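A.B. asks: Partial complex follows, first chain(s) only, in situ:
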Amino acid sequence: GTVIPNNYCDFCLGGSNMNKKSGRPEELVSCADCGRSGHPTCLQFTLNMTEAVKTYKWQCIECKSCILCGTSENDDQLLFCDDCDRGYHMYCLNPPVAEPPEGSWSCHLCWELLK
């Protein structure tokens, strides 16, 4: 479509040349669907999450849709993987999940790849 990644971070307004929160250059990551961008540290991503989100068509929080069913319904039930940030409805998982776990939850794609 008409998407172009924004050249500034939604959080600190800096470009990739200078994160205004950290005072260091830092690449931006950009939503594949809407083009909004953020510095990974402004997005509060770990370094390994930062690498992961650059490997697929990462979506921002607002655009995130479930990998399994494709919808963005039921925000309260759309889990975000703590290793790759992909979204999965708790009710699209099999077995489905009643409540977000405590501490990290990671998706089946990451379990397959890293373990």
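C.D. replies: Great, that's in hand. Numbering: from 1, shown residues only, chains lettered A, B, ... in the order given.

A.B. asks: middle-most residue in chain A, spatially?
C.D. replies: Nearest residue to the geometric centre of chain A (C-alpha atoms, centre = their mean): residue A:85, 3.9 Å.

A.B. asks: tell me the SS of that one?
C.D. replies: Look at residue A:85: counting by DSSP: H, G, I helix; E, B strand; the rest coil, its state is coil.

A.B. asks: Can you pull the phi/psi pair for it?
C.D. replies: The phi and psi values for residue A:85, taken as degrees, to the nearest 10, are phi 70, psi 10.

A.B. asks: Tell me the spatial nearest neighbour of it, not counting adjacent residues.
C.D. replies: Distances taken as C-beta to C-beta, 6 or more residues apart in numbering place residue A:53 nearest to residue A:85, at 5.4 Å, with adjacent residues excluded. No exception for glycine: its C-beta is placed from N, CA and C like everyone else's.

A.B. asks: let's put chain B on the structure above:
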Amino acid sequence: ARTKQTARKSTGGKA
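C.D. replies: Adding chain B to the chains above:
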């Protein structure tokens, strides 16, 4: 764990 809802609430600086 994070959901879209809890992630929105803890990342309040996003434009």
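
A.B. asks: quick one on the thing from earlier: distance of the residue nearest to the centre of chain A from chain B?
C.D. replies: 9 Å (C-beta to the nearest C-beta, to the nearest Å).

A.B. asks: give the contact list for that residue.
C.D. replies: Counting by C-beta atoms under 8 Å, 6 or more residues apart in numbering or on different chains, residue A:85 touches A:45, A:49, A:52-53, A:58.

A.B. asks: can you tell me how far it sits from residue A:3?
C.D. replies: Using C-beta to C-beta, to the nearest Å, residue A:85 is found at 19 Å from residue A:3.

A.B. asks: Equivalent analysis for residue A:76, please.
C.D. replies: Taking C-beta to C-beta, one finds residue A:76 at 27 Å from residue A:3.

A.B. asks: where exactly do the strands run in chain B?
C.D. replies: Assigned by DSSP state E, the strands in chain B fall at B:2-3.
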